[PDB]
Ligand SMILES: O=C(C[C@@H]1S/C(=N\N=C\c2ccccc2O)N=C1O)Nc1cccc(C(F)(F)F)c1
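Starting off, we have a lone chain in the form deposited without the ligand, written out as structure tokens.
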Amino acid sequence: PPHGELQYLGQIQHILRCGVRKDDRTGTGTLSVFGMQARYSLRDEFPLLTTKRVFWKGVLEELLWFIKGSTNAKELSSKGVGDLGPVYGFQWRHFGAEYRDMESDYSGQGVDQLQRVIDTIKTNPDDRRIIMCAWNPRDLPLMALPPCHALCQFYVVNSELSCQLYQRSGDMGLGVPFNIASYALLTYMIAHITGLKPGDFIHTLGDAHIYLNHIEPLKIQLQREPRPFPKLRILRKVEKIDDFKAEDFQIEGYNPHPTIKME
């Protein structure tokens, strides 16, 4: 079976050759393709891309920050990777609740999408509605009922937990490799607390794009050959999604190609 990373490399190849010029919110240029999808197995392996070193430390630290529901930039940077407003954390754990300040107590306030996902999995694994959404805080004050930026749908079968992430837009060079590892990690965590085995991570995109200044570095990354994906290990029995600590995870067998900076 072909290495899973070949889909990403293949997608990059496709955007460079068939992508259309399209400007983003700031008028910055990109090569764009609408509609994309890739599937990464999470069975006995973790999809942390190898044709470049992915900032795993930042992935793990940021995800844990989101799970805490924190809206304090300091609580993240301090980890080595400031009121930020209603960010993903607040939306994931306090969806619907009005945001005051990073100090306010929002216990029992708003919908806990994350805990709901976990609960639905253990009360009805066949459910076709195990969905969690996230918004770009920027859009919130912009209009009535703004469309989400991303949605995660979970699926269970044969004691296996899969996850599909749909993003209305995807920065193929910087964002995608990081997000693949981020959500693959979330799937690993939820599976661990619900007693299931990770299955597949499916990444779907609306506007999949490459920023003009990333083209050359990507053309070079494309010349690199993927190495066997590493493995992720949870060396501790955790029962609550909130009890996970950075030291609970261990990436093994990760020997990627050199870091590639993307402007």
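Position 1 is the first residue in the sequence shown; the rest follow in order. Note that the rigid core is defined as the largest set of C-alphas that superpose within 1.5 Å between two forms. Shifts are known only where both forms have a C-alpha.
Just so you know, the form deposited with the ligand bound exists too; it's not on screen, but the next bit is about it.
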Report open or blocked for the site once the ligand, placed as found in the deposited bound form, has been superimposed by the C-alphas surrounding the pocket (blocked: 3 or more ligand atoms within 2.4 Å of a backbone or C-beta atom; open: none).
blocked
Just to confirm, with a 4.5 Å cut-off on non-hydrogen atoms, which of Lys68, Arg53, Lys231, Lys197 contacts the ligand in the deposited bound form?
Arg53
Can you tell me if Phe178 lies within 4.5 angstroms of the ligand in the deposited bound form, counting non-hydrogen atoms only?
yes
Should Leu174 be classed as touching the ligand in the deposited bound form when contacts are defined as heavy atoms within 4.5 Å?
yes
Hey, in the deposited bound form, does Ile190 get a heavy atom within 4.5 angstroms of the ligand?
no
Is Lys79 near the ligand? Define near as a heavy atom within 4.5 Å, in the deposited bound form.
yes
In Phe90, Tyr166, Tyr155, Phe178, the 2 Å or greater C-alpha shift between the shown form and the other one, rigid core superposed, occurs only at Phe90
Which parts of the chain move between the shown form and the other one, counting only runs of three or more residues whose C-alpha shifts are all 2 Å or more after core fitting?
83-90
